[PDB]
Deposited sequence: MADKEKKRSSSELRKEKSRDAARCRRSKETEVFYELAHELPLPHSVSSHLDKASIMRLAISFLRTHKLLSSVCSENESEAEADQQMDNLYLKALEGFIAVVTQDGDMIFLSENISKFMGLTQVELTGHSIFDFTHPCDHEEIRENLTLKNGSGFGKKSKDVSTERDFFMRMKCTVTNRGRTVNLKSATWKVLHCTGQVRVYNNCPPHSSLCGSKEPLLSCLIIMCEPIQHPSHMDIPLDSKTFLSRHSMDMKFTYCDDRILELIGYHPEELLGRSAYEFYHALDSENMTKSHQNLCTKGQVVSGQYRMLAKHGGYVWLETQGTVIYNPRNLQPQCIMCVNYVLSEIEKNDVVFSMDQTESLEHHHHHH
């Protein structure tokens, strides 16, 4: 039978390179075609320079279904997770994520349509670009933001971005981004000298201080949640928040946090923080905390 060559032409007509399509088993071709058709259906619903859009992204796009089927993943996912598009499309998302998150994913696929969460996906790529296999896999925290929508049922379109590791930095950091180091209770223990010019604090006086005293109370609900995520998944991105400035006022910040471990005893040592100052000192006349008044 020439059904093998019918599959050959099916894979060639599938939208991907020939070198990837022809090294494909039967059930894999069936999976790919089914998912492409269902993605086209939802795309007809939603819509009624490819390399530029793709390589300009700090993450990968994924549309998953209510039953958890990843009916489409963008090509760049490999660049971030190692696992490639053909290896993942058609499979259930629960077969690739940390089980300790599954319920949370289960609660973002259901049913306001906006979604913003953190999950842990399998990752077989290393910081060197070299790729290991499924049996030896590292968890990678992804920040997923998207919308759940209904077609004719439900599906979830989310961008998933990885959170850079402060040690393995690959992008430039500007004048108003600076590093900070904390214990796991978020108590300050190291900070960059840029904070003196940016917020007015001298690194030394912050050492040993709880960061919970230095943020505007209105943001507490965000911050604690981030801490909690940071302690359950090891990485987090905060929302925009206000850190009180030295001589009154505050400054707007967004910071990524990563739990870093000791390589020799594999215990968590401390937390890194890449802080993005988003403004200048606002309301510099108003004081809000005792640390500012004692500084008048």
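What are the C-alpha gaps when you align the coordinates back onto the deposited sequence? Several stretches lack coordinates - namely 1 to 26, 75 to 85, 149 to 161, 203 to 217, 362 to 368, in sequence order.
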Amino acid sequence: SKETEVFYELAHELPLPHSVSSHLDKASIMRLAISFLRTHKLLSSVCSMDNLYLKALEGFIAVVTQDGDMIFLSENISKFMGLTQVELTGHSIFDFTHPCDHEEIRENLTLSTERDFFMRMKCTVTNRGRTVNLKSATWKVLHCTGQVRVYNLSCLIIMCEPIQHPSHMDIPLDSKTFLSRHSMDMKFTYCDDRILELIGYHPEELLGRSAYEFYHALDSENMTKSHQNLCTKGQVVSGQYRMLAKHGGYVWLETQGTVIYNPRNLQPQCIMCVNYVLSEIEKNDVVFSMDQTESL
From here on, numbers count along this sequence of modelled residues.
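Heads up, when I say rigid core I mean the largest set of C-alphas that superpose within 1.5 Å between the two forms.
Which of the two stretches, 116 to 124 or 219 to 227, moves more in 7 other deposited structures of this protein when the core is held fixed, judged by C-alpha RMS distance? It is 219 to 227 that deviates more in 7 other deposited structures of this protein.
With the rigid core held as the alignment frame, decide whether 5 to 13 or 282 to 290 lies farther from the shown form in 7 other deposited structures of this protein, in terms of RMS C-alpha distance. Between 5 to 13 and 282 to 290, the one lying farther away in 7 other deposited structures of this protein is 5 to 13.
May I ask whether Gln85 is missing from the deposited models in at least a third of the other compared entries? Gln85: modelled in all of the comparison entries.
Quick one: across the other PDB entries of this protein we compared, is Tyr212 left without coordinates in at least a third of them? In none of the comparable entries (those modelling both sides of it) is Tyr212 left without coordinates.
Compare the mean C-alpha B-factor of 181 to 189 with that of 121 to 129 as given in the PDB entry, and name the stretch with the higher value. Mean C-alpha B-factor is greater for 121 to 129.
Output the stretch having the higher mean C-alpha B factor in the entry; the candidates are 234 to 242 and 30 to 38. According to the PDB entry, the answer is 30 to 38.
Using only the C-alpha B-factors in the record, can you name which of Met159, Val141, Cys155, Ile171 has the highest? Of the options given, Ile171 has the highest CA B-factor in the PDB entry.
Among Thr258, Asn265, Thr65, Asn229, where is the Cα temperature factor highest, going by the PDB entry? Of the candidates given, the C-alpha B-factor peaks at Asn265.
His202: which third of its chain by C-alpha temperature factor? According to the entry, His202 has a C-alpha B-factor in the chain's highest third.
Third of the chain, ranked by Cα B-factor, where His216 sits: For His216, whose C-alpha B-factor we compare with every modelled residue in the chain, the answer is the lowest third.
Relative C-alpha B-factor of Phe72, binned into the chain's lowest, middle or highest third: Answer is lowest: the recorded C-alpha B-factor places it there.
Check where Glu254 lands among this chain's C-alpha B-factors and tell me if it's the lowest, middle or highest third. According to the entry, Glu254 has a C-alpha B-factor in the chain's lowest third.
Relative C-alpha B-factor of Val46, binned into the chain's lowest, middle or highest third: It falls in the top third of the chain.
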